[PDB]
């Protein structure tokens, strides 16, 4: 039997530096986790021990910290090249800076193949991008070869900025003919590496004949066999076994997000390329693994421009930005309005005749707003200032919620009003009126929402049975501040851009901001 060790990362999301256990900024260095220097140490160790190793990334290196804001993917090429990745699939966030922001910094500088079989280009872009990403690559491993076939979320147009010159095809449709073609080229060991989420990964393992292993991402899925080593709760065993339509057992793996774990799967293959066995587990990259000194010194050299950037003027405010708790946990606050307006601006996606924009609505817990910004520094706003407002290292995510769920959230928002609790909601594209004299759970007396399926945006009453797209902090999507109803009832969730970066980009675009308190939230 021929044994392959697959090492894999996904959804690293700009966590170049080691992080806290929750993937936010490292504060107590002695307990920090992840980062590329630590990953380098672990990968190097494994490569000393195991003859046949592949190191794969399932996409979404782009977007997540000030590293991506400043270096715009140059950091991803540089540090993935330094760790000698063997292949990467394109993720949705690889399109955040458009096609031009993918071609240059990443496709032109990577020393490893970048893969997606279900993305096609037309017109002059097709010539410009031809060959810079591939449907698959056949890689030599020892005296054998392994085919790696890539895929990217069909939903990428709603979740990034790929432009109107790329088409994202159904994954299974696109993959099958490529996997069949590899068989004709005497390639009997095939890995599907891609970025569509655990549910689609299971469908690909079931339906794409010839796929031996699926290495996925997007959904930040944690899988583990045994007692978990940290706070993440497994969604299933590692690997997750799918029974294929052809009767085979096909392992499906993912490794959470944020570079906290290195996925590690050992596969035994027979001579015909059938999987005989699979076993492994993600490895927690904790402080018991030393950061590689050479990688750490280069990280520290690259950090200098980040530190300089953090104190530069992004734009100006002519108004006090009221992020005080006394305001934002009790009533509409202009900092809340600013952040929700930035959230909706970040989620403007491709023009379509059925909606002016796919999403119009935003909620933001007042407990997520942790500082005001004074306008009396010549109006200046810096990244440092925004990091005090939004200190938790989160994302502004896209969810689908029934109106009933959103009514429950707004009831929760005021269920114990008056104690300066974090659940009070700031909003955009929503007009709410409370009557605090009513019983808890029955305090929402008006709730109107901005249409999407309309050429002129206007407010209509919320419909309990209708599904709404909402932009909200990942903390709330995950049921933080008691919003268990959002976690338990949401119909779709896709992780969005870094919180600070969403606001910084909006401020830079607007140049001079002056958010008002305007009646989005009223009391009767």
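Numbering follows the first chain given and starts at 1.
- Per-stretch averaging of Cα B factors for 153-161 and 347-355 places 347-355 on top.
- Here the stretch with the larger average CA B-factor, out of 213-221 and 236-244, is 236-244.
- Taking the deposited Cα B-factors for 334, 81, 184, 452, the highest one is held by 184.
- Comparing the listed residues 29, 462, 36, 55, the entry records the largest Cα B-factor for 29.
- Residue 296 sits in the middle third of its chain by CA B factor, as recorded in the PDB entry.
- The deposited CA B-factor of residue 471 belongs to the lowest third of values across its chain.
- Among all modelled residues in this chain, the alpha-carbon of residue 63 has a temperature factor (C-alpha) in the lowest third.
- For residue 14, the recorded CA B-factor ranks within the lowest third of the chain. Only modelled residues enter the ranking.
- Sort the modelled residues of the chain by CA B factor and residue 258 lands in the lowest third.
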